[PDB]
Amino acid sequence: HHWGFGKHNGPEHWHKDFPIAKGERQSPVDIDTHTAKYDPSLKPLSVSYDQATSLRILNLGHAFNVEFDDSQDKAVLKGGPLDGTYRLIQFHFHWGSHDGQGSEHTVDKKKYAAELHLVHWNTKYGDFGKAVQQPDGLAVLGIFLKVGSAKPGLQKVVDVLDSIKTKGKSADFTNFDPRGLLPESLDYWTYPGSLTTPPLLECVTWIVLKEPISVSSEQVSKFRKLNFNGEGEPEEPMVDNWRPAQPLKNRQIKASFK
Ligand SMILES: [Cl-]
Ligand SMILES: [Zn+2]
């Protein structure tokens, strides 16, 4: 594909191939904590990953995915702002060229070192490819990463990155429990938005956790040793694969908490 994160094919350019890039419900956005409306009618999230079944980890070129077997009918996100049940299909991250940036969502303009996205599709549409064509097709759980103590549950992900350094490489990645990536609290903000990479489809109910996870400097630095390029090509370190905040327009961010 033409799009990427370079000066000439990066987010400022995506609209040429994907005109919805300038649409009405684009992601990510800045979350203004003063104006986000507390809604005490928002239910607790239900995150059930006990039966989530990881399969593989793959370098897609702009980031890496940890892919799950989404036939596992109890591996599910529901509750919160959602109707019905959503199946976990993959997770991935966005990160920066340094610790002071890398997140896609921002909180009062604050950028985190990275952001984790756990992607789920609405079972009422049969599969992921059908779900992305509907406004309520996906639910993405977003979790900020900040630098400090190490996150033990991330270690297996960061240690495997060496073996999938370049575009196209994959590795077995079974027995990975995504519960190890969740913070203590599930308090969240939610708003209707989009995929943050092309095709940028406006099919996503965003659920962004207020509480970041701490990861160590060494852990996040392993993200930056990945490469955009394929094997043999000239080294281009994979960094700054985040889309900046987009106009909120006529949307309301709600908060499940104070
Ligand atoms: Cl490490
Ligand atoms: Zn993402």
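Nothing in this text is a laboratory measurement; each read-out follows from the coordinates by a stated rule. Cβ sites come from the backbone with ideal geometry, for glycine too, and all protein chains shown count toward neighbours.
Values as computed for the structure displayed
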read-out: Flag if residue 121 is within 16 Å of ligand 1 (Cβ to nearest atom), surrounded by 24 or more Cβ atoms within 10 Å (Cβ to Cβ) and either within 26 Å of residue 171 (Cα to Cα) or not aliphatic (A, V, I, L, M) (or both); value: no
read-out: Of all residues making up segment 146-200, the number that are within 16 Å of ligand 2 (Cβ to nearest atom) and in contact with an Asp or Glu (Cβ under 6 Å, 6 or more places away or on another chain); value: 2
read-out: Per-region count, segment 1-22, residues part of a loop (DSSP other than H, G, I, E, B) and either buried (at least 17 other Cβ atoms within 10 Å of the Cβ) or hydrophobic (A, V, I, L, M, F, W, C) (or both); value: 5
read-out: Members of segment 240-256 found to be in contact with a strand residue (DSSP E or B) (Cβ under 7 Å, 6 or more places away or on another chain) and surrounded by 13 or more Cβ atoms within 10 Å (Cβ to Cβ), listed by number; value: 241, 242, 245, 251, 253, 254, 255, 256
read-out: Qualifying position, being crowded, with 17+ Cβ neighbours inside 10 Å and more than 17 Å from the chain's Cα centre (by Cα), among 42, 138, 88, 116; value: 42
read-out: Strands (runs of 3 or more DSSP E) enclosed by segment 144-258 - at least 3 residues per element that are more than 30 Å from residue 38 (Cβ to Cβ); value: 170-172
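Yes/no per residue for (1) free of Cβ contacts under 8 Å to residues at least 40 places away in the same chain; (2) in contact with a helix residue (DSSP H, G or I) (Cβ under 7 Å, 6 or more places away or on another chain):
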position: 49; (1), (2): no, yes
position: 71; (1), (2): yes, no
position: 75; (1), (2): yes, no
position: 94; (1), (2): no, no
position: 103; (1), (2): no, no
